[PDB]
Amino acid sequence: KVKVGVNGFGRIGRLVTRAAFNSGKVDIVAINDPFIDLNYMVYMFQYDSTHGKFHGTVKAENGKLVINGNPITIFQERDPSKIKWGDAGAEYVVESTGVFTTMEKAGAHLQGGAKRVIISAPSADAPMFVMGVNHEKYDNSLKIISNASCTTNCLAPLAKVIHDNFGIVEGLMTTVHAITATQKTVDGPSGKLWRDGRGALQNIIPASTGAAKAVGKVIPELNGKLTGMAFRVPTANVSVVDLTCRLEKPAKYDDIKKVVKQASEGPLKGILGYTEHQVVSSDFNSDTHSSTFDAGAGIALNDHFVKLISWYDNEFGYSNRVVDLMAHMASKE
C-alpha cells in the first residue's frame, strides 16, 4: 500500500484525502499547507458545506492530524523543495496547490525525498492521464505526471466511447461549471481573466478552458478535432458537459445510448456512468463517477450531428480519480 503526501489542503487536497481514507487504496501519511495549521486542518476536514460532515474521526494529537486513527505528519512549508517528504515516508506526492503545475516546479517535491508527483491539474509539459482512457500508457520511468482537469476527465471517457464506435470528425463542447475557489463573491480583481473577477453569485460568466483540446492529448486520434469553452454559473458544485459533434459513421440516438450503456457496464464501470432518469445537477452530489451520460437530456439533429450531455461532480469525481490513478501507479512499481 503506497504512502501518500498531499501538498495543498484545499478542496481537492482535502477531498483526495477524504477519498483515500474511504477506499483505503492508498495511505495519506503527510500533508503540507502553510496557510492552514493543524487545528484549522481538523475543522476544514471535518466540516464540509457541499459534501457533509466527515464520517469518521479527525483530531489533532501530538502535533499530528489523526484521521480514523491514522497519524499524519503536518508540514507548513511555502517552498516545495523544503518539504521533508522522505522523513514522513511519503512516496507519492499530490500537487494540488494550483501553483506548481509545470514539470519543473512540481519537481521540487523530489528534492524532499518524494519518488513521484501527481499534479491534480492540467500541466503545460508533464504527461497527462485520464483513468479509463490512457492510464495504461503510464510506466515507471515517469516521476512527474498530471491527472488532467475535472472537465477533461468528464469529456475524454465519453469521447472515447463515441469515437471508437462512430468516429468523431469534429466537435465543440461547452461546460456549465459550478463556481470554484478561483472566483469572487462580488466584483473584484480577477486573477488572470477579467470576466472571472465578476461576482460569482450574480452572473453567468463565460470562461475559456483547454479541456476539449486536452482530450487530443489523451486520445491522439482526436487531436485537433475538438475545442470548446465554459460558462461559470452560481452553484456550489457539480457540472455538466455539452458535446456537439459530427459523426463519421451514421448512428441513431438509440444506438449511441446502447453503446454508452455497454461501456458503463464493462471497462469504464465506475468511470463513465449512464442514466435515463430525469436527473438534475444535485442528483450527482458526491457521485464518484468521472462522467455520467444523460440519455434523456441529449438531442440529435440527424444521424451525423448530435448533442451529448454528461454530468460530473467536479470535486468528488476528480478526487477519486487521483486516488485511483495512484493505486494504478503503485501496482506498477
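Residue numbers here begin at 1 and follow the sequence given.
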Can you tell me whether 313-321 has a higher mean C-alpha B factor than 19-27 in this record, or the other way round?
19-27
Hey, which bit's got the bigger mean C-alpha B factor in the entry, 57-65 or 272-280?
57-65
Could you tell me which one of 241, 90, 178, 186 shows the highest CA temperature factor in the PDB record?
90
Can you tell me which of 303, 294, 48, 287 has the highest Cα temperature factor in the record?
303
In terms of the CA temperature factor given in the entry, to which third of its chain does residue 52 belong: lowest, middle or highest?
lowest
Residue 80's Cα B-factor: lowest, middle or highest third of the chain?
highest
Position of residue 198 among the chain's modelled residues by C-alpha B-factor, lowest, middle or highest third
lowest
Among the modelled residues of its chain, does the C-alpha B-factor of residue 257 lie in the lowest, middle or highest third?
highest
Split the chain's modelled residues into thirds by Cα B-factor; residue 35 lands in the highest
